[PDB]
Amino acid sequence: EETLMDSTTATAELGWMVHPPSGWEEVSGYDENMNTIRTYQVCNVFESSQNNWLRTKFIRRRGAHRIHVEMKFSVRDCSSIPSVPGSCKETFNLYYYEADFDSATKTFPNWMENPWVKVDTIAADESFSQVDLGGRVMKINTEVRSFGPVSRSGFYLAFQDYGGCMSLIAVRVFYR
Amino acid sequence: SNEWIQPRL
């Protein structure tokens with residue numbers, strides 16, 4: 001029902017912090033309806049030791065206690081990446097961190113679980129839409145996860161990659 | 001399969 005943040009509605013660049021700048025990257029990309037939106041992409045499958053974070057802007061709570069996070073995203077399919085090493089991955093983690101004000105900076109909070117709280121490891125389900133951008137297939141999955149109770153002025157989300165190839169197409173944060 | 005997502009180098 002009630003939206004706290006929708007990346008799909010951005011009237012300009014996201015502006016989300018990425019750490020390191022070599023990992024996630026803001027890129028224009030498609031909706032499910034082929035509307036062109038801002039997305040974040042990471043695909044450092046040819047590099048060891050990948051730990052790439054992306055963090056939203058401060059989202060106000062506006063009275064909510066339980067937060068729902070709807071993610072649209074596309075994973076590439078390690079099988080479908082020519083010459084890829086065996087360490088390739090097909091999931092990302094989601095985290096939140098609450099705060100009393102917009103306290104985030106380049107180095108705070110630490111870029112790691114604790115102070116961030118892990119919501120879940122996110123993977124592609126077997127429900128989907130797939131189209132031929134021919135002949136490359138665009139497959140968009142949808143996953144919802146929720147967390148709470150949430151009590152402070154607001155919060156941040158984080159998305160962490162550790163050696164896969166994917167695009168986070170949309171994040172919709174809502175309550176009730 | 002999402003073959004439009006280019007690796008980095």
# chains A, B, ... in the order shown; residues from 1 in each chain; ligands from 1

$ interface_residues --of "chain A" --to "chain B" --cutoff "7 Å" --atoms "only C-alpha atoms" --output "PyMOL selection string"
chain A and resi 43-46+74-77+80+136-139+165-166

$ select_by_dssp --residues "segment 59-174 of chain A" --states "strand (DSSP E or B)" --output "ChimeraX atom specification"
/A:59-60,67-75,89,92-99,113,116-122,129-133,136-147,154-161,164-174

$ closest_residue --among "A:1, A:47, A:132, A:143" --to "residue 84 of chain A" --atoms "only C-alpha atoms"
A:47

$ closest_residue --among "A:175, A:95, A:159, A:58" --to "residue 23 of chain A" --atoms "only C-alpha atoms"
A:159

$ residues_around --residues "residue 37 of chain A" --least-positions-apart "6" --cutoff "8 Å" --atoms "only C-alpha atoms" --output "number ranges by chain"
A: 8, 28-31, 169

$ write_last_selection --atoms "N, CA and C atoms" --output "mmCIF file, in the first residue's frame"
data_model
loop_
_atom_site.group_PDB
_atom_site.id
_atom_site.type_symbol
_atom_site.label_atom_id
_atom_site.label_comp_id
_atom_site.auth_asym_id
_atom_site.auth_seq_id
_atom_site.Cartn_x
_atom_site.Cartn_y
_atom_site.Cartn_z
ATOM 1 N N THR A 8 12.078 3.681 -9.197
ATOM 2 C CA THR A 8 11.408 3.740 -10.517
ATOM 3 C C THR A 8 10.820 5.138 -10.851
ATOM 4 N N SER A 28 21.234 3.154 -17.306
ATOM 5 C CA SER A 28 19.799 3.174 -17.690
ATOM 6 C C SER A 28 19.407 1.727 -18.066
ATOM 7 N N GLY A 29 18.153 1.363 -17.860
ATOM 8 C CA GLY A 29 17.742 -0.006 -18.141
ATOM 9 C C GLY A 29 16.260 -0.153 -18.215
ATOM 10 N N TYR A 30 15.831 -1.336 -18.635
ATOM 11 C CA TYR A 30 14.426 -1.603 -18.848
ATOM 12 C C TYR A 30 13.704 -2.121 -17.627
ATOM 13 N N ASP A 31 12.512 -1.555 -17.471
ATOM 14 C CA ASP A 31 11.319 -2.201 -16.926
ATOM 15 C C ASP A 31 10.955 -3.519 -17.562
ATOM 16 N N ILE A 169 17.035 -3.607 -10.890
ATOM 17 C CA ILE A 169 16.209 -2.831 -11.789
ATOM 18 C C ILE A 169 15.281 -1.905 -11.037
#

$ residues_around --residues "residue 103 of chain A" --least-positions-apart "4" --cutoff "12 Å" --atoms "only C-alpha atoms" --output "PyMOL selection string"
chain A and resi 57-59+97-99+107-109+153-156

$ atom_distance --atom1 "atom CA of residue 116 of chain A" --atom2 "atom CA of residue 69 of chain A"
15.6 Å

$ residues_around --residues "residue 26 of chain A" --least-positions-apart "3" --cutoff "9 Å" --atoms "only C-alpha atoms" --output "MDAnalysis selection string"
chainID A and resid 13:16 38:41

$ closest_residue --among "A:174, A:73, A:53, A:147" --to "residue 162 of chain A" --atoms "only C-alpha atoms"
A:53

$ atom_distance --atom1 "atom CA of residue 161 of chain A" --atom2 "atom CA of residue 88 of chain A"
10.8 Å

$ closest_residue --among "A:100, A:6, A:25, A:90" --to "residue 170 of chain A" --atoms "only C-alpha atoms"
A:6
